[PDB]
>>> print(open('my_file.txt').read())   # compact mmCIF, C-alpha atoms
# COMPACT_ATOMS: atom_id res chain seq x y z
CA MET B 1 23.67 22.14 -2.69
CA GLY B 2 21.17 23.53 -0.22
CA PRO B 3 21.02 21.29 2.90
CA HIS B 4 21.71 17.55 2.53
CA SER B 5 21.30 14.45 4.68
CA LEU B 6 22.96 11.07 5.20
CA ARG B 7 20.73 8.84 7.32
CA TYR B 8 20.82 5.17 8.28
CA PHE B 9 17.67 3.32 9.30
CA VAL B 10 18.32 0.31 11.47
CA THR B 11 15.95 -2.49 12.42
CA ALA B 12 16.58 -5.45 14.71
CA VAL B 13 13.63 -7.81 15.22
CA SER B 14 13.72 -10.89 17.42
CA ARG B 15 11.62 -13.94 16.58
CA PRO B 16 12.34 -16.47 19.31
CA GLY B 17 12.12 -20.11 18.24
CA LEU B 18 11.81 -19.07 14.59
CA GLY B 19 15.43 -18.13 13.90
CA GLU B 20 18.02 -15.48 14.75
CA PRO B 21 16.94 -11.83 14.92
CA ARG B 22 16.42 -10.12 11.58
CA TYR B 23 18.83 -7.21 11.20
CA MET B 24 18.76 -4.49 8.55
CA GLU B 25 20.77 -1.33 7.86
CA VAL B 26 19.34 1.00 5.21
CA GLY B 27 21.20 4.09 4.10
CA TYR B 28 19.49 7.11 2.54
CA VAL B 29 20.96 10.13 0.78
CA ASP B 30 18.40 12.92 0.66
CA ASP B 31 15.66 10.34 1.33
CA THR B 32 16.96 8.24 -1.57
CA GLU B 33 18.01 4.71 -0.52
CA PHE B 34 21.54 3.99 -1.79
CA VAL B 35 22.61 0.96 0.20
CA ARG B 36 21.04 -1.89 2.22
CA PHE B 37 22.28 -4.66 4.50
CA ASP B 38 19.81 -7.49 5.22
CA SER B 39 20.90 -10.29 7.58
CA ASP B 40 18.25 -12.59 6.19
CA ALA B 41 20.61 -14.40 3.79
CA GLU B 42 23.09 -17.33 3.81
CA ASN B 43 26.06 -15.03 3.18
CA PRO B 44 24.70 -11.47 3.67
CA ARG B 45 26.59 -8.38 2.56
CA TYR B 46 26.24 -4.67 1.96
CA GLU B 47 24.47 -4.08 -1.33
CA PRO B 48 25.40 -0.59 -2.51
CA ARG B 49 23.66 0.61 -5.65
CA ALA B 50 25.74 0.76 -8.84
CA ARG B 51 27.02 4.28 -8.22
CA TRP B 52 28.46 3.67 -4.74
CA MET B 53 29.78 0.33 -5.94
CA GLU B 54 33.04 0.69 -7.86
CA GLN B 55 32.89 4.40 -7.24
CA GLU B 56 34.16 3.13 -3.92
CA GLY B 57 35.61 -0.32 -4.63
CA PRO B 58 35.12 -3.91 -3.38
CA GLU B 59 37.47 -3.73 -0.40
CA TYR B 60 35.39 -0.94 1.11
CA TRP B 61 32.07 -2.76 0.93
CA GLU B 62 33.75 -5.85 2.28
CA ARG B 63 34.76 -3.88 5.38
CA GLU B 64 31.28 -2.37 5.75
CA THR B 65 29.76 -5.86 5.47
CA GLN B 66 31.99 -6.91 8.35
CA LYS B 67 30.98 -3.82 10.32
CA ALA B 68 27.33 -4.62 9.59
CA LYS B 69 27.66 -8.18 10.93
CA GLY B 70 29.38 -6.69 13.97
CA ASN B 71 26.47 -4.32 14.56
CA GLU B 72 24.08 -7.20 13.95
CA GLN B 73 25.51 -9.27 16.73
CA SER B 74 25.78 -6.30 19.10
CA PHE B 75 22.05 -5.67 18.55
CA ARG B 76 21.36 -9.35 19.27
CA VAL B 77 22.77 -8.77 22.75
CA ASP B 78 20.74 -5.55 23.10
CA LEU B 79 17.43 -7.34 22.48
CA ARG B 80 18.35 -9.72 25.33
CA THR B 81 19.44 -6.74 27.46
CA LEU B 82 16.11 -4.94 27.01
CA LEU B 83 14.08 -8.01 27.99
CA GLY B 84 15.88 -7.71 31.31
CA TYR B 85 15.38 -3.94 31.63
CA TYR B 86 11.65 -4.24 31.03
CA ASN B 87 11.12 -7.61 32.74
CA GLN B 88 9.72 -9.15 29.57
CA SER B 89 9.28 -12.83 28.77
CA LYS B 90 11.94 -14.40 26.55
CA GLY B 91 9.39 -15.86 24.15
CA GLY B 92 7.95 -12.79 22.42
CA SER B 93 9.12 -10.79 19.41
CA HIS B 94 10.52 -7.29 19.99
CA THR B 95 12.06 -4.61 17.79
CA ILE B 96 14.79 -2.05 18.14
CA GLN B 97 15.09 0.74 15.59
CA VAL B 98 17.67 3.44 15.09
CA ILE B 99 17.89 6.49 12.92
CA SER B 100 21.50 7.56 12.67
CA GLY B 101 23.23 10.22 10.62
CA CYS B 102 23.79 13.90 9.91
CA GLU B 103 22.57 16.84 7.85
CA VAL B 104 24.91 19.44 6.38
CA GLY B 105 24.16 22.97 5.19
CA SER B 106 25.19 24.42 1.84
CA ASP B 107 28.52 25.46 3.40
CA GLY B 108 29.30 21.80 4.07
CA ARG B 109 29.02 22.33 7.83
CA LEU B 110 27.04 20.03 10.12
CA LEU B 111 23.49 21.35 10.62
CA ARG B 112 21.97 18.46 12.54
CA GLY B 113 22.98 15.11 13.96
CA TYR B 114 20.79 12.04 14.39
CA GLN B 115 21.13 9.28 16.93
CA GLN B 116 17.72 8.11 18.06
CA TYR B 117 16.51 4.75 19.35
CA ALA B 118 13.09 3.16 19.69
CA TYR B 119 12.06 -0.08 21.37
CA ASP B 120 8.86 -1.84 20.25
CA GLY B 121 8.07 1.32 18.29
CA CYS B 122 8.25 3.81 21.18
CA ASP B 123 11.02 6.38 21.71
CA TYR B 124 13.74 4.91 23.91
CA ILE B 125 16.69 7.31 24.01
CA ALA B 126 18.08 10.04 21.73
CA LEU B 127 21.08 12.33 21.44
CA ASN B 128 20.02 15.94 22.04
CA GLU B 129 20.53 18.85 19.68
CA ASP B 130 23.58 19.89 21.75
CA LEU B 131 25.27 16.63 20.74
CA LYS B 132 26.35 16.27 24.37
CA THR B 133 23.39 15.08 26.44
CA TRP B 134 20.73 12.34 26.08
CA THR B 135 16.97 12.24 26.41
CA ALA B 136 15.83 8.95 27.97
CA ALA B 137 12.15 8.12 27.44
CA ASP B 138 11.58 5.87 30.45
CA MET B 139 13.23 4.03 33.37
CA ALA B 140 14.79 1.35 31.16
CA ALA B 141 16.48 3.96 28.94
CA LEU B 142 17.86 5.68 32.06
CA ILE B 143 19.99 2.60 32.52
CA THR B 144 21.34 3.01 29.01
CA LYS B 145 21.72 6.73 29.66
CA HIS B 146 23.87 6.36 32.77
CA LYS B 147 26.03 3.77 31.03
CA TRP B 148 26.66 5.95 27.95
CA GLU B 149 27.19 9.05 30.09
CA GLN B 150 30.00 7.13 31.79
CA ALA B 151 31.66 5.84 28.62
CA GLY B 152 31.31 9.28 27.00
CA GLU B 153 29.07 7.93 24.20
CA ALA B 154 27.89 11.44 23.25
CA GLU B 155 31.46 12.52 22.50
CA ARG B 156 31.95 9.34 20.50
CA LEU B 157 28.98 10.36 18.37
CA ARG B 158 30.04 13.96 17.83
CA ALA B 159 33.31 12.67 16.34
CA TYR B 160 31.45 10.41 13.93
CA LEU B 161 28.89 13.12 13.14
CA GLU B 162 31.46 15.88 12.54
CA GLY B 163 34.06 13.57 11.05
CA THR B 164 33.01 10.47 9.12
CA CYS B 165 29.33 11.30 8.61
CA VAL B 166 29.82 14.87 7.36
CA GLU B 167 32.78 13.90 5.16
CA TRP B 168 30.90 11.09 3.44
CA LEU B 169 28.18 13.61 2.71
CA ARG B 170 30.61 16.16 1.25
CA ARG B 171 32.10 13.40 -0.88
CA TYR B 172 28.79 12.27 -2.39
CA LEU B 173 28.34 15.77 -3.79
CA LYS B 174 30.44 16.93 -5.59
CA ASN B 175 30.83 13.54 -7.34
CA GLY B 176 27.08 13.26 -8.03
CA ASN B 177 24.15 15.03 -6.41
CA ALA B 178 21.31 13.09 -8.02
CA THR B 179 18.15 14.31 -6.29
CA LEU B 180 17.76 17.32 -8.56
CA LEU B 181 18.48 15.03 -11.51
CA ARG B 182 15.78 12.88 -9.96
CA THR B 183 13.38 15.81 -9.77
CA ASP B 184 10.20 15.17 -11.77
CA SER B 185 7.35 17.64 -12.09
CA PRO B 186 3.82 16.54 -11.45
CA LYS B 187 1.49 16.13 -14.37
CA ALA B 188 -1.96 17.22 -13.23
CA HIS B 189 -5.57 16.82 -14.45
CA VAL B 190 -9.03 17.21 -12.96
CA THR B 191 -11.64 14.45 -13.07
CA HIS B 192 -15.40 14.80 -12.60
CA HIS B 193 -17.60 12.44 -10.58
CA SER B 194 -21.32 12.43 -9.78
CA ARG B 195 -22.64 12.76 -6.22
CA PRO B 196 -26.25 12.36 -5.15
CA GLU B 197 -28.65 15.15 -6.09
CA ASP B 198 -27.22 18.45 -7.29
CA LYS B 199 -23.61 18.04 -6.14
CA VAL B 200 -20.57 16.82 -8.07
CA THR B 201 -17.06 15.93 -7.04
CA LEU B 202 -14.04 17.47 -8.69
CA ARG B 203 -10.82 15.58 -8.15
CA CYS B 204 -7.46 17.17 -8.80
CA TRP B 205 -4.71 14.64 -9.50
CA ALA B 206 -0.95 15.05 -9.38
CA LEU B 207 0.96 12.16 -10.96
CA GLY B 208 4.52 11.10 -11.69
CA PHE B 209 6.35 13.55 -9.47
CA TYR B 210 9.50 13.31 -7.36
CA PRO B 211 10.35 14.05 -4.66
CA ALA B 212 7.23 13.25 -2.63
CA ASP B 213 6.64 16.68 -1.06
CA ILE B 214 3.79 18.47 -2.82
CA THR B 215 0.75 20.62 -2.18
CA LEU B 216 -2.67 20.49 -3.82
CA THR B 217 -5.33 23.13 -3.18
CA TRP B 218 -8.80 24.01 -4.43
CA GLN B 219 -9.90 27.60 -4.67
CA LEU B 220 -13.34 29.04 -5.09
CA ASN B 221 -12.94 32.40 -6.76
CA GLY B 222 -9.75 33.05 -4.78
CA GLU B 223 -9.52 31.69 -1.22
CA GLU B 224 -8.46 28.12 -0.44
CA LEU B 225 -11.25 25.79 0.58
CA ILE B 226 -9.61 25.12 3.95
CA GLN B 227 -12.23 22.46 4.71
CA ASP B 228 -14.74 20.24 2.92
CA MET B 229 -11.65 19.14 1.00
CA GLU B 230 -10.78 15.45 0.78
CA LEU B 231 -7.34 14.09 -0.08
CA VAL B 232 -5.14 11.03 0.20
CA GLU B 233 -1.70 10.64 1.69
CA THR B 234 0.94 11.02 -0.99
CA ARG B 235 1.61 7.52 -2.29
CA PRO B 236 4.26 5.86 -4.47
CA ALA B 237 3.41 4.82 -8.02
CA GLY B 238 5.98 2.06 -7.66
CA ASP B 239 8.08 3.32 -10.57
CA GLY B 240 9.98 5.77 -8.39
CA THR B 241 7.40 8.56 -8.62
CA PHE B 242 4.50 9.65 -6.40
CA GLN B 243 0.80 10.45 -6.64
CA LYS B 244 -1.66 12.59 -4.74
CA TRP B 245 -5.17 13.92 -5.13
CA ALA B 246 -7.49 16.49 -3.60
CA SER B 247 -11.22 16.65 -4.19
CA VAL B 248 -14.08 19.02 -3.37
CA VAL B 249 -17.84 18.72 -3.62
CA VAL B 250 -19.27 21.63 -5.58
CA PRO B 251 -22.69 22.44 -6.96
CA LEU B 252 -23.75 21.06 -10.33
CA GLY B 253 -23.28 23.74 -12.98
CA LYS B 254 -20.65 25.64 -10.90
CA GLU B 255 -17.58 23.52 -11.77
CA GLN B 256 -15.97 26.42 -13.65
CA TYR B 257 -15.89 28.52 -10.48
CA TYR B 258 -13.26 26.24 -8.92
CA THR B 259 -9.54 26.10 -9.54
CA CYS B 260 -6.96 23.52 -8.54
CA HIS B 261 -3.48 24.62 -7.58
CA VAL B 262 -0.42 22.39 -7.58
CA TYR B 263 2.84 23.40 -5.87
CA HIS B 264 5.95 21.27 -6.42
CA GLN B 265 9.65 22.14 -6.32
CA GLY B 266 10.06 20.76 -9.83
CA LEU B 267 7.64 23.30 -11.32
CA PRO B 268 8.67 26.60 -12.95
CA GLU B 269 5.63 27.82 -11.01
CA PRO B 270 2.43 26.43 -9.45
CA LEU B 271 0.09 24.68 -11.88
CA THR B 272 -3.44 26.03 -12.10
CA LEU B 273 -6.18 23.78 -13.51
CA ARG B 274 -9.94 23.54 -13.94
CA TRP B 275 -12.41 20.82 -14.93
CA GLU B 276 -12.51 20.65 -18.75
CA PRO B 277 -15.63 18.97 -20.14
CA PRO B 278 -15.34 17.63 -23.72
CA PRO B 279 -17.51 19.25 -26.41
CA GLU L 1 29.03 5.09 6.14
CA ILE L 2 27.12 4.00 9.27
CA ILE L 3 28.62 4.23 12.77
CA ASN L 4 29.59 1.31 15.03
CA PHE L 5 26.80 0.99 17.57
CA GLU L 6 27.44 0.57 21.26
CA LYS L 7 25.62 -1.68 23.72
CA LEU L 8 22.40 -0.48 25.32
CA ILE F 1 2.78 -0.45 21.69
CA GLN F 2 1.00 -1.42 18.48
CA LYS F 3 -0.02 0.81 15.56
CA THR F 4 -2.88 0.06 13.14
CA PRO F 5 -2.07 -0.15 9.42
CA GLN F 6 -3.59 2.29 6.94
CA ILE F 7 -4.26 0.99 3.44
CA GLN F 8 -4.56 2.51 -0.04
CA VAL F 9 -5.31 0.50 -3.18
CA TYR F 10 -4.76 2.25 -6.48
CA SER F 11 -3.32 1.83 -9.96
CA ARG F 12 0.14 2.96 -11.02
CA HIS F 13 -1.37 4.68 -14.05
CA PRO F 14 -4.87 6.01 -14.72
CA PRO F 15 -6.79 2.79 -15.48
CA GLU F 16 -8.42 2.20 -18.82
CA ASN F 17 -10.27 -0.94 -19.68
CA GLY F 18 -8.12 -3.37 -21.63
CA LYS F 19 -4.77 -1.72 -20.96
CA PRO F 20 -2.19 -3.54 -18.80
CA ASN F 21 -1.56 -1.53 -15.65
CA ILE F 22 -0.28 -2.22 -12.11
CA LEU F 23 -2.34 -2.40 -8.95
CA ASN F 24 -0.78 -1.14 -5.74
CA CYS F 25 -1.64 -1.79 -2.15
CA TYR F 26 0.26 0.67 0.06
CA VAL F 27 0.36 -0.14 3.76
CA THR F 28 1.73 2.29 6.32
CA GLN F 29 1.50 3.31 9.96
CA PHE F 30 1.94 -0.18 11.40
CA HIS F 31 4.03 -1.73 14.16
CA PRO F 32 5.24 -4.41 14.81
CA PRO F 33 6.74 -5.07 11.37
CA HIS F 34 5.25 -8.50 10.89
CA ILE F 35 2.34 -8.09 8.48
CA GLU F 36 0.41 -10.33 6.10
CA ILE F 37 -0.74 -8.78 2.86
CA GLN F 38 -2.76 -10.21 0.05
CA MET F 39 -4.53 -8.90 -2.98
CA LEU F 40 -7.82 -10.36 -4.18
CA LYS F 41 -9.45 -10.50 -7.58
CA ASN F 42 -13.21 -11.06 -7.51
CA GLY F 43 -13.10 -12.66 -4.10
CA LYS F 44 -10.01 -14.84 -4.67
CA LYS F 45 -6.34 -14.43 -3.75
CA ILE F 46 -4.08 -13.33 -6.58
CA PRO F 47 -1.07 -15.67 -6.44
CA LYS F 48 1.56 -13.42 -8.01
CA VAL F 49 1.92 -10.44 -5.68
CA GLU F 50 5.29 -8.68 -5.49
CA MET F 51 6.45 -6.90 -2.31
CA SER F 52 8.82 -4.01 -1.78
CA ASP F 53 11.45 -4.22 0.93
CA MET F 54 10.10 -2.94 4.19
CA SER F 55 11.11 0.49 5.39
CA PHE F 56 10.05 2.64 8.31
CA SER F 57 9.56 6.35 8.78
CA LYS F 58 10.54 9.03 11.33
CA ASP F 59 7.67 8.06 13.62
CA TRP F 60 9.01 4.44 13.70
CA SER F 61 5.96 3.05 11.87
CA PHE F 62 6.73 0.64 9.04
CA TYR F 63 5.55 0.74 5.46
CA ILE F 64 5.59 -1.45 2.40
CA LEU F 65 4.17 -1.53 -1.13
CA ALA F 66 2.52 -4.68 -2.46
CA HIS F 67 1.73 -4.71 -6.16
CA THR F 68 0.53 -7.03 -8.94
CA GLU F 69 0.04 -6.80 -12.69
CA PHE F 70 -3.51 -6.30 -13.94
CA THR F 71 -5.59 -5.26 -16.93
CA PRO F 72 -8.72 -3.48 -15.72
CA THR F 73 -12.18 -4.22 -17.07
CA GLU F 74 -15.48 -2.49 -16.37
CA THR F 75 -16.58 -5.16 -13.88
CA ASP F 76 -13.66 -6.87 -12.09
CA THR F 77 -13.36 -6.16 -8.37
CA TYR F 78 -9.94 -5.94 -6.66
CA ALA F 79 -9.11 -5.63 -2.98
CA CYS F 80 -6.19 -5.72 -0.59
CA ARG F 81 -6.48 -7.62 2.64
CA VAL F 82 -4.19 -7.04 5.55
CA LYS F 83 -3.70 -9.21 8.60
CA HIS F 84 -1.79 -7.57 11.45
CA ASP F 85 -1.55 -8.07 15.22
CA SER F 86 -3.00 -4.60 15.93
CA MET F 87 -6.32 -5.81 14.53
CA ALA F 88 -8.71 -8.49 15.73
CA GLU F 89 -9.76 -9.18 12.14
CA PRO F 90 -8.16 -8.72 8.68
CA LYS F 91 -8.80 -5.32 7.14
CA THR F 92 -9.94 -5.36 3.52
CA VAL F 93 -9.90 -2.37 1.18
CA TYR F 94 -11.38 -2.26 -2.30
CA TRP F 95 -9.93 -0.68 -5.39
CA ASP F 96 -12.07 2.27 -6.49
CA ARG F 97 -10.91 3.44 -9.92
CA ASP F 98 -11.94 7.03 -9.14
CA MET F 99 -9.54 7.15 -6.24
>>> encode(input="my_file.txt", output="C-alpha cells")
Amino acid sequence: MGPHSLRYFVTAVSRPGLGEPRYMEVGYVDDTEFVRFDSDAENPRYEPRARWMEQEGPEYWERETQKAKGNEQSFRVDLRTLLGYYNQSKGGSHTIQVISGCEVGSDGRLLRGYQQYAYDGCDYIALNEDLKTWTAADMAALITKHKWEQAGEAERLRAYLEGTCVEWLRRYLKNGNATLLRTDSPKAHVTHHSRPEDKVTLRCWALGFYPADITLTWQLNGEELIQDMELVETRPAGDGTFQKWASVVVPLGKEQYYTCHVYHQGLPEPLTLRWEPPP
Amino acid sequence: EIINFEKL
Amino acid sequence: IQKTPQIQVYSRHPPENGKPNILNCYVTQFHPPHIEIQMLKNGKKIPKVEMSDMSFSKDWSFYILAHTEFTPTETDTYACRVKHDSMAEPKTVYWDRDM
C-alpha cells in the first residue's frame, strides 16, 4: 500500500544509585505506535494495542516480553561497556538509543533497513545502506565495529531485515492497514490580529489533521511569500490529531490580497482561504 | 517484532 | 552532548471564554531524557498535569506532551515551565491565545 515501515525505538538510561537502568522498546507501524515495553514496572510486559493483541494471541506476547527482558539485561551490560570505552565515571547517567526496523515498497520487497545506535544522544554506529558494512562515529564505536565485523553481525541483521521484519510488515497489511483509515483532513481558518501602526497579522490555521505532514503557504497575488512568514512546528492536539499555523504581516486594508494555501494528503485538493471579516 | 540485540 | 528543549503552549481547541478546553505544553529537542515540566496558572503550579509517555525522534532528541484541563477566561494567565540540565535556569513560556 505504497511504502510502509516497521520501526522499533529503543531507550536504555542508567541512573546509578537511583535504581536499575530504565529500558523501553516502542514499536511503530507507519509512525503509529502499536506496542510498548517499559521496564519501569514490578512485572513488566509487552503491551500491544488491542488489534495486535488477540490478533496474535497471549503466547506470542509472552515470548516477546521474555525477549524484551533479555534485551533489557543485554543493554544493562552495554551501558557498563561504554563507560569503559569512553573512560567515563561510574556515577553519571547515560543513554543508549536504537532505531531498528525495515521499510517495504508496494511490491512487499525490502526498501530500507534500519539499525542505528546513539550514545548520550550522538550517533554511535549504524548499519550502512548496503546492509553489509558499518559506519562507526568515533573511536569507541570502532571497538564495537571490529567486534561485530568478526561475529558477522551485519549478516545477522540482513536475515532479520529480509526475513522476520519484512514478513511482519506484510502480515500487518493485508489484515489491517489503518493509517489511511486514520487519515484526517485539516480544517482551516484565517484569524486577524492587530500589529502596531498600519500593519496587521493574518494567521492561517490548520487543525485536526493526521498524519502530521502538511504544508501551509501564504500568497500575495500569486507567488509564495518565501520570507516574512512566521510559523510553528507542527504540534499534536493530544487527541491524535495535529495543528499548525503560518502567519504574515500585511498592510491594513490589503488583507483581501492575500491567500492561504493548505496542502495535506487527506485533501481532495489544496485548500485555499482568505481572511473573512464579519458584516 | 523487534530483533535480539547483540553486545556493543 | 546536551540539547536544549523547545516549548510550545497552546490549547487543544480554539479557546473561547467559559468553554472547557485542554492546555498543552509540548516539549521537544531535548537530551538527556530527564526533564521536569510544570504548568502554572496565574503564577502558581497547577497540581493536576497529565504527561504522555516519552518518545524520541530520528535525531535522537526526546519529546513529550504535558497537558491539563482548563476553561479559559479573558484574564487568566497560563505558562509552562521546564527545568532541564541543558539550561542554567528553568525556561518559562506563556500561553498566548492567538498562537
>>> atom_distance(input="my_file.txt", atom1="atom CA of residue 155 of chain B", atom2="atom CA of residue 131 of chain B")
7.6 Å
>>> interface_residues(input="my_file.txt", of="chain B", to="chain F", cutoff="9 Å", atoms="all atoms listed in the file", output="PyMOL selection string")
chain B and resi 9+11+13+26+93-95+97-99+118+120-123+191+193+203+207+232-233+235-239+243+245
>>> residues_around(input="my_file.txt", residues="residue 167 of chain B", least_positions_apart="2", cutoff="12 Å", atoms="all atoms listed in the file", output="list in words")
residues 4, 5, 6, 101, 102, 103, 104, 108, 109, 110, 159, 160, 161, 162, 163, 164, 165, 169, 170, 171, 172, 173 and 174 of chain B; 1 of chain L
>>> atom_distance(input="my_file.txt", atom1="atom CA of residue 39 of chain B", atom2="atom CA of residue 64 of chain B")
13.2 Å
>>> residues_near_point(input="my_file.txt", point="(19.5, 5.5, 32.9)", cutoff="12 Å", atoms="all atoms listed in the file", output="list in words")
residues 85, 124, 125, 134, 135, 136, 137, 138, 139, 140, 141, 142, 143, 144, 145, 146, 147, 148, 149 and 150 of chain B; 8 of chain L
>>> residues_around(input="my_file.txt", residues="residue 17 of chain F", least_positions_apart="2", cutoff="7 Å", atoms="all atoms listed in the file", output="PyMOL selection string")
chain F and resi 15+19+71-74
>>> axis_aligned_box(input="my_file.txt", around="segment 202-220 of chain B", padding_each_side="6 Å", output="AutoDock Vina command-line options")
--center_x -1.8 --center_y 20.1 --center_z -6.4 --size_x 36.4 --size_y 29.9 --size_z 22.6
>>> closest_residue(input="my_file.txt", among="B:7, B:195, B:132, B:22", to="chain L", atoms="all atoms listed in the file")
B:7
>>> atom_distance(input="my_file.txt", atom1="atom CA of residue 35 of chain F", atom2="atom CA of residue 5 of chain F")
9.1 Å
>>> residues_around(input="my_file.txt", residues="residue 6 of chain F", least_positions_apart="2", cutoff="7 Å", atoms="only C-alpha atoms", output="PyMOL selection string")
chain F and resi 4+27-29
>>> closest_residue(input="my_file.txt", among="B:179, B:247, B:87, B:115", to="chain L", atoms="all atoms listed in the file")
B:115
